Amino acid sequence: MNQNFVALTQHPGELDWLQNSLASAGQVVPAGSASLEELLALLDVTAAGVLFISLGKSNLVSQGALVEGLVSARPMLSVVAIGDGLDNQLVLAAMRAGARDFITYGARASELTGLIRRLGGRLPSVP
């Protein structure tokens, strides 16, 4: 019923869309301009299991490398990419980097709560 989510957004409209859509599921913590080390510290203190990362053609090389680093360090972390659903090569690059899912900014709130439900039902609770 409640989680912390971390978001690497490339504009404030994305952060608002995430926060408003996922309000019933938990809290969306912004990570702003964060390095891999800083981002891993923020995931640990918030005990976040889902990370949202906004991808585009301009930031794909550096952000893709970051997803690769995150997924190496935290294999159980669910990385969800946010980008243009009309760009097949972008969707493909994100998946290759280690992103579990890809959503387009402005998607219905029910699509986001649905995704969080699905990602929650994926692994056992008792460790």
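All residue numbers refer to positions in the sequence shown, first residue = 1.
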Which is higher in the entry, the mean Cα B factor of 62-70 or that of 23-31? 62-70
Selection from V79, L36, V91, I82 [criterion: highest C-alpha temperature factor in the record]: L36
So where's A97 on the chain's Cα temperature factor ranking, which third? highest
By the record's CA B-factor, is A7 among the lowest, middle or highest third of residues in the chain? lowest
